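**Q** this one's structure only:
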Ligand SMILES: N[C@@H](CCCC[NH3+])C(=O)O
Ligand SMILES: N[C@@H](CCCC[NH3+])C(=O)O
Ligand SMILES: N[C@@H](CCCC[NH3+])C(=O)O
Ligand SMILES: N[C@@H](CCCC[NH3+])C(=O)O
Ligand SMILES: [K+]
Ligand SMILES: [K+]
Ligand SMILES: [K+]
Ligand SMILES: [K+]
């Protein structure tokens, strides 16, 4: 459902830039085998920006089909226009997905009242659970704790993916919401720290290529075994950093390809192929994690 | 026309959020009479995020129809997916627009090489002049002078709307491009400074309500009469700042309503109505400018 | 020694701006009674910048005398010139102080190698334990974890006061140093979070006026009772923030005066008296903490 | 003289870190012959942080003695304690200096009112012209245009060395002060831009090694010949940047040694010797400038 190691799964492509079913199946089977808790389909790492709404929906539905009830699937459903986010969410109503990951509007920099109205309107047009997603480095907007508090009062707003990397937010939000509101890290390099402070899991980029380690790290964290979890964290720390050596998901797609998890590392413009230097950096990080 | 005072025009809406032809007509007449150089249609200030492609195109064509050859129209054509930007541009080829204003991809944070490929691909598939648009505070990425220099070698790429407010960019770019490449400010509060450093004009929010003063300011600047231009700028400075007291174009639409230029100040979610405190601040700024 | 609630004690003054012995005695007795773990004398909150070296030394020695072995005393000994920091430290050698709090050089923005050489040289000219102090908002310099690691190899460099407010630093530093290196927060508003992550205590501004609450919060933290500690934290959160409503130690001196702990709230220029609005804000924070 | 190219001169040292009279003489002769407007003695670049008051005064008096009336000398007189700044200023009254350069207090982060009181008190107790110095990246505080406007009403406060690199400050300050208040850049890389916007000169690091080119650049700027000035600036731009590749004045002292202007590149801790990579970068910048 909404705890533990949740993968922000890549949308693997063929050389033409369209979804590769065989690759997607291999990834999903990998996550089932590895103990991943849930899959976020067509979030940021899944190239939401460069799929059209139909393509996006096809990937989500394919991912649900391939998961075949073995692993819960959360759909990316954000938009910077409220009407468009409502449309997208409505596509998944009564679909099998367990909830939605919905990003603060990007580019148009709404106020906190705007963010409140946007997410409230979206929640009102679905029965699905909603996970808010805050990532100001990408959006130009910052969904502050006070506003998360106001939104957490809406019945089906049930958690947040907090991708600021600002660890003070964990307890700021926790004090304004009920004990069942879920706090998930959106920042792999700080996620263990984030769980140590009270968070419930991570929506992870690193879990694409280190799924078993991430699941084990998160289990240990949930049980309060921080020192054991840190050892795993330290082995993964170069990936947590170097998967952003070039823009996400350029490095993680290459890593998936190098590990034999996907057929090609193709992306859509304006994402471009990994540089030679980037390959060498990511390769070293994979070697450090024991994956290669 | 790509120099002087260029208005980033509001998209006036009725109470249902649909484009108000009558209000738009009144704005376009105002710009023609007030000496505005050109109209940017469905830019940021025109709520490009919350119009769908069809609506966006309708507004541009309506603007061209109402302008009736009396003022040049530049279309907002940016996207964060290169295929989508190409597609949107094709809809305007042979429309009568004089050029396009194309923003760096937002949210996905491409590399400089990605930006280069993005804009090169867009330019390749049109004969329309392209004006690059850099606004890191909205997009999460920053198109740097080195990359602007690379792109300025593309025949069709003719200028940049530089909205960082970082005035060192003027001469960093100027020294890498030819004399005929246009440097336009996208930051009203620093625009006169930008012109004094060698910029050619401004793509302006303030121009929506102070069109004549903007046009005269930019002419005086182009002639080197900076002290005279500065007097105008000082009367407009509160508006340059307070049109962003709440997210653009919330204040400017309320200002246009208050002057009588549009029938309603309605916006689309996630933009929300101006607060009372914002009305007060904006009205005071209009009065400082001598407009009310 | 170097754990729990450590007060960054004010240097109380008379109306002429010189140390008030009676006030200092009242504070010290308060900290003994309250369970404060140690006193940092003439740190930042003690107005190190505006005492001359003789005055600084007189305050430290007076504080040691008044403490009368009841509470350990750590001297502020930082300087932005290495020779000057060595001179100051040498004043306290064989004095009774238990260690030194030594800030990264300010203003001159040395490199990390510079910071390494500065602190190594200082440590070499004393047998006293050294606590490094990182506060980039004040110094223009940031002592990174890697360099803290290099310094922690020097026998008498034994801990750090980490005043970035960046909670990721706790585990970054912890992984590079031995298990006996002390990690203390320098940021009251994040300090409980900092202890939750592995830190050992706080050098606190808030402890000047909430000494018993701070000591109890830190004891609960050390014992792993985070939820009980948070309740205390929440009552103190407005002070942790509002003691910086005007520049430290302007608010905390006023609060000390209002509580009857010191005779006057006088400071030395360029610190200036608290504003009326500041008094009202700090008063409300004191009322929230139950102290007034 | 408070206009044109003003050098922030190095304090040349022998291998023991004491001032080298012979090297200083050679620098002063160089500045006299190269048309530098004035010499700032024991500013930032002159290692004011690591000289004691007596040494600082000795260097200023030695500079005046060697200058022998042939070039004006401005003393660095700032401090972070207002009494200390007053005291240091008194040592120079009737010395033959033409003015003082006085930095905003560093480390203690005073309010704007504190800055106002600080500088007003210093100005009150001298008849020497005072030049305010704003450099937030070093001090932790930012003297804002509104406060500069307040201080410019003090008879003795005659200008500002604005080292933010934020070029919007030029005209924000200019509009609040009289026509005779001097605006000087303290950021070599943006200095020509600063002059083009209405600044009167530059207090320069680059001028230590490119005195003639700096002097001609600033004259051309003062005459309005910006394109001609820009040609010079483009040859100096790598030096403007690479003199800060390691902390100032590490690079510039090594550059002066490499040109033969000083006998040693020695600095005081916490400044440390230039790295090999830094030598390479700086030498390349000197060659681009045509100096080697
Ligand atoms: N590329 C546009 C539309 C994406 C459609 C959602 N899959 C944006 O990021 O909003
Ligand atoms: N709302 C989406 C699609 C808008 C279509 C362009 N008018 C975005 O900002 O990319
Ligand atoms: N005010 C100067 C000297 C202070 C002397 C130390 N108590 C500085 O902050 O370095
Ligand atoms: N090193 C101390 C005192 C220097 C005295 C002035 N030359 C500071 O930067 O304030
Ligand atoms: K809820
Ligand atoms: K071109
Ligand atoms: K040690
Ligand atoms: K004056």
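**A** Perfect, I can see it now. Numbering: from 1, shown residues only, chains lettered A, B, ... in the order given. Ligands and ions are numbered 1, 2, ... in the order given.

**Q** and the residue of the stretch 51-200 of chain A that's closest to ligand 1?
**A** As assessed by Cβ to the nearest ligand atom, ligand 1 sits closest to residue A:56 within the stretch 51-200 of chain A, at 3.7 Å. (C-beta placed from N, C-alpha, C; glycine too.)

**Q** pull the number of nearby residues for that residue.
**A** Neighbour count for residue A:56, taken as other Cβ atoms under 10 Å in any protein chain shown: 23.

**Q** with adjacent residues omitted, what lies nearest to it?
**A** Distance criterion Cβ to Cβ, 6 or more residues apart in numbering or on different chains; nearest residue to residue A:56, sequence neighbours excluded, is residue A:42 at 4.9 Å.

**Q** how many neighbours does that neighbour have?
**A** Residue A:42: 27 neighbours (other Cβ under 10 Å).

**Q** gap between it and chain D?
**A** As judged by Cβ to the nearest Cβ, to the nearest Å, residue A:42 and chain D stand 41 Å apart.

**Q** equivalent analysis for residue A:7, please.
**A** From residue A:7 over to chain D the distance is 41 Å, taken as Cβ to the nearest Cβ.

**Q** need the contact list for that residue.
**A** Contacts for residue A:7 (Cβ atoms under 8 Å, 6 or more residues apart in numbering or on different chains) come out as A:31, A:36, A:38, A:39, A:40, A:203, A:204, A:207, A:208, A:211, A:214.

**Q** which of the helices or strands spans it?
**A** strand A:4-8 (DSSP states H and E).

**Q** chain center to whichever helix or strand comes after that strand, what's the gap?
**A** The helix or strand immediately downstream of strand A:4-8 is helix A:21-34, counting by DSSP H and E. Counting by Cα atoms, centre = their mean, to the nearest Å, helix A:21-34 is centred 16 Å from the centre of its parent chain.

**Q** tell me what angle helix A:21-34 forms with strand A:4-8.
**A** Counting by axes from the mean of the first three to the mean of the last three Cα atoms, to 10 degrees, helix A:21-34 lies at 170 degrees to strand A:4-8.

**Q** any idea which helix or strand comes after helix A:21-34?
**A** Under the assignment DSSP H and E, the closest C-terminal helix or strand after helix A:21-34 is strand A:38-41.

**Q** list the helices and strands that following strand packs on?
**A** Under the contact criterion of 3 or more Cβ pairs under 8 Å, 6 or more residues apart in numbering or on different chains; DSSP states H and E, strand A:38-41 touches strand A:4-8, helix A:53-67, strand A:73-76.

**Q** how near is the residue nearest to residue A:56 to ligand 2?
**A** Between residue A:42 and ligand 2 the distance is 15 Å, computed by Cβ to the nearest ligand atom, to the nearest Å.

**Q** try residue A:45
**A** On the measure of Cβ to the nearest ligand atom, residue A:45 and ligand 2 end up 19 Å apart.

**Q** the stretch 101-250 of chain A: helices as residue ranges?
**A** Counting by DSSP state H, counting those that start in this stretch, one finds helices in the stretch 101-250 of chain A at the ranges A:112-124, A:136-139, A:145-151, A:169-174, A:191-196, A:211-222, A:226-242, A:250-258.

**Q** number of residues surrounding the nearest residue to residue A:112 once chain neighbours are set aside?
**A** Spatial nearest neighbour of residue A:112, excluding adjacent residues (Cβ to Cβ, 6+ apart): residue A:147 at 4.6 Å. Using other Cβ under 10 Å, residue A:147 is surrounded by 22 other residues.

**Q** what sits against residue A:147?
**A** With contact set as Cβ under 8 Å, 6+ apart, residue A:147 has these partners: A:112, A:115, A:116.

**Q** so how do I select the buried members of those residues in PyMOL?
**A** Buried residues among these (16 or more other Cβ atoms under 10 Å in any protein chain shown), as a PyMOL selection:
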select buried, chain A and resi 115+116
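
**Q** just curious, which of the contacts of residue A:147 is nearest to residue C:27?
**A** Within the contacts of residue A:147, the smallest distance to residue C:27 is 41.2 Å, found for residue A:112 (Cβ to Cβ).

**Q** thought residue A:141 was touching that closest one, still the case?
**A** No. Judged on Cβ atoms under 8 Å, residue A:112 makes no contact with residue A:141 at a distance of 9.2 Å.

**Q** near ligand 1, which residues of chain A are found?
**A** Contact residues (Cβ under 6 Å from any ligand atom) of chain A with ligand 1: A:48, A:49, A:51, A:52, A:53, A:56, A:79, A:80.

**Q** circling back: point out the most buried one among the helices of the stretch 101-250 of chain A.
**A** Across these, averaging neighbours per residue (mean count of other Cβ atoms under 10 Å in any protein chain shown) puts helix A:191-196 on top, at a mean of 26.

**Q** pull the residues that contact that one.
**A** For helix A:191-196, contacts defined as Cβ under 8 Å, 6+ apart pick out A:162, A:167, A:170, A:183, A:185, A:187, A:199, A:201-202, A:204, A:217-218, A:221-222, A:226, A:229-230, A:233, A:240, C:167-168, C:170-171, C:196-197.

**Q** need the contact list for whichever residue of the stretch 1-150 of chain A sits closest to ligand 3.
**A** Residue nearest to ligand 3 within the stretch 1-150 of chain A (Cβ to the nearest ligand atom): residue A:142, separated by 35.1 Å. By Cβ under 8 Å, 6+ apart, the contact list for residue A:142 reads A:104, A:134, A:136, A:164.

**Q** need the phi and psi values for it.
**A** The phi and psi torsions at residue A:142 (degrees, to the nearest 10) take the values phi -130, psi 110.

**Q** quick revisit: list the contacts for the residue nearest to residue A:56?
**A** Neighbour list for residue A:42: A:11, A:48, A:51, A:56, A:59, A:60, A:75, A:76 [criterion: Cβ under 8 Å, 6+ apart].

**Q** how about 10 Å then?
**A** A:8-9, A:11, A:19, A:48-49, A:51, A:55-60, A:63, A:75-78, A:88, A:101 (Cβ atoms under 10 Å, 6 or more residues apart in numbering or on different chains).

**Q** what's the answer for residue A:37, then?
**A** Residues near residue A:37 by Cβ under 10 Å, 6+ apart: A:1-7, A:31, A:71-72, A:201-202, A:207, A:214-215, A:218-219.

**Q** the same query, at a cut-off of 6 Å, please.
**A** Counting by Cβ atoms under 6 Å, 6 or more residues apart in numbering or on different chains, residue A:37 touches A:4, A:5, A:6.
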